[PDB]
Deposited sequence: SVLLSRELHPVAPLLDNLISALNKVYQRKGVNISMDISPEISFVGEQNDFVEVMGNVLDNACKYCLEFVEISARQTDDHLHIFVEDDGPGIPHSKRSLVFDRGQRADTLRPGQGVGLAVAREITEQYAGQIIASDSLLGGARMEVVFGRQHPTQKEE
């Protein structure tokens, strides 16, 4: 009976002012943060959930890293993929919040090994079709 558009916010922008903030919180440590995300990649749903999840994950990344954090993302159709990898010792609680919010989006958080040297956290958000009802 009645289709609708869902709110789509670009991700690149949403993480930029979040990176800046972390930079300040950990300049003492010396953390270098890079992101490589195209301007077309976006998120569907409550922009605040995104930033709260990605704040939790990005914060945790900066803590366990040595000095490097790499951010990148890929988009499928009903799924949004965010990759956060660090060079700190790795992964062979905390993200509970990020886990709770990604749950509502039919997604999950996955840990694995990274090339840099540490954890390669992948955040997957679901329910990303851009239409509703």
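Q: Missing CA coverage against the deposited sequence, listed in sequence order.
A: Several stretches lack coordinates - namely 93-114, 156-157, in sequence order.
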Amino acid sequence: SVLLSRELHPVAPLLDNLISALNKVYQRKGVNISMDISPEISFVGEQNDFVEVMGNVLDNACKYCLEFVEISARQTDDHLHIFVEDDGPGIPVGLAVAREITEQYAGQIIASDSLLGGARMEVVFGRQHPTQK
From here on, numbers count along this sequence of modelled residues.
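Q: Can you tell me which of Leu116, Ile19, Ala111, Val25 has the maximum CA B-factor listed in the PDB entry?
A: Comparing C-alpha B-factors across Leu116, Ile19, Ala111, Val25, the maximum falls on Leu116.
Q: Name the third of the chain's ranked CA B-factors that contains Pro39, choosing lowest, middle or highest.
A: Ranked within chain, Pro39 CA B lands in the highest tercile.
Q: Should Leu66 be placed in the lowest, middle or highest third of its chain by the C-alpha B factor in the entry?
A: For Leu66, the deposited C-alpha B-factor lands in the middle third.
Q: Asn56's Cα B-factor: lowest, middle or highest third of the chain?
A: Lowest third.
Q: Report the third (lowest, middle or highest) to which the CA temperature factor of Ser72 belongs, ranking only the modelled residues of the same chain.
A: Lowest third, going by the recorded CA B-factors of the chain.
Q: Using only modelled residues of the chain, where does the Cα B factor of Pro89 rank: lowest third, middle third or highest third?
A: For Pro89, the deposited C-alpha B-factor lands in the highest third.
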